[PDB]
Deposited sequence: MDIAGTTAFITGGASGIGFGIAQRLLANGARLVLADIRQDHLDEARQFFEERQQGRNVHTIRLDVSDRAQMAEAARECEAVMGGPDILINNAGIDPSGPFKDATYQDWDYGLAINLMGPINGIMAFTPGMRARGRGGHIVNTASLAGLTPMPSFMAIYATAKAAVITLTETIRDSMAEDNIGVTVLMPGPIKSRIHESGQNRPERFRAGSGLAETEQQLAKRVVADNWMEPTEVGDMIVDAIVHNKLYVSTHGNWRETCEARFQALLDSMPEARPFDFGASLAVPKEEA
């Protein structure tokens, strides 16, 4: 899809990959709504754009992506203030990792709430409008290569959630396509510069690419896992 003239709503938008994506979407003609849990991060992020004389095209919303009522409110605020959005970037995450025997129900609940239910809540809250407005759109979900390559037990919660996000994104593709909404799952490793990731995401939105991986260092470990899965099949 064409990025020019669109509005992008970006969770975890005040730092890291989310902020790199923000920069490159704005550079390609999008207006921005940055959502994040930290007030100070959001103000710093908009100040960056302020210094580049683009403050009027960036709005910020303090948001907990696990709060479904807040997510619905944010979708209405986005539409009112900046329009749309046409582009939804579900990028917020957290890392609940630690010795697996020390893991608690609270770790599981929080880990899944942000990393898995965040994107689900975004899809639930934003797609009714994205479908109804009828001008297409795009959804990017940030997963991780930790959702694909074999991971150790101290990363069980994170890996489990991010694997789910990969399959979620794959599986909703046909449903979203009915209303000309493309989907992409972003699978980072160690974050390469955020604006480089941003440009990969620009390409994925423009050309409707399902998969974006930032690194290839786990090609062989992934291949080995994939082969073991295949070998299990009679």
* **Unmodelled intervals of the deposited chain, in order** => 192 to 228, 272 to 289
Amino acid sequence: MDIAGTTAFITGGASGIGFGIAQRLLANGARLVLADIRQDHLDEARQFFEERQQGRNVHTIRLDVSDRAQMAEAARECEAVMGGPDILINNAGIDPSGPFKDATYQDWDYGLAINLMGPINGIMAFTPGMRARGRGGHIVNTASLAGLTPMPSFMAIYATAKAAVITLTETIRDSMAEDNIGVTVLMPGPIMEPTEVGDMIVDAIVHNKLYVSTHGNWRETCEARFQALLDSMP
From here on, numbers count along this sequence of modelled residues.
* Compare the mean C-alpha B-factor of 76 to 84 with that of 91 to 99 as given in the PDB entry, and name the stretch with the higher value. => 91 to 99
* To do: Taking the mean of the C-alpha B-factors per stretch from the entry, tell me the winner out of 18 to 26 and 221 to 229.
  => 221 to 229
* Using the entry's values, work out which of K209, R62, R46, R173 has the largest Cα B factor. => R46
* **Which of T169, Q39, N180, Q70 ranks first by CA B-factor in the deposited coordinates** => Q39
* Third assignment of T149 from its chain's C-alpha B-factors -> middle
* Ordered by C-alpha B-factor within the chain, which third holds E50? Give me lowest, middle or highest, please. => highest
* Asked: Once the chain's modelled residues are ordered by C-alpha B factor and cut into thirds, is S66 in the lowest, middle or highest one?
  -> middle
* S213 by Cα B-factor - lowest, middle or highest third of the modelled chain -> middle
* Asked: Against its chain's modelled residues, does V197's Cα B factor rank lowest, middle or highest third?
  -> middle
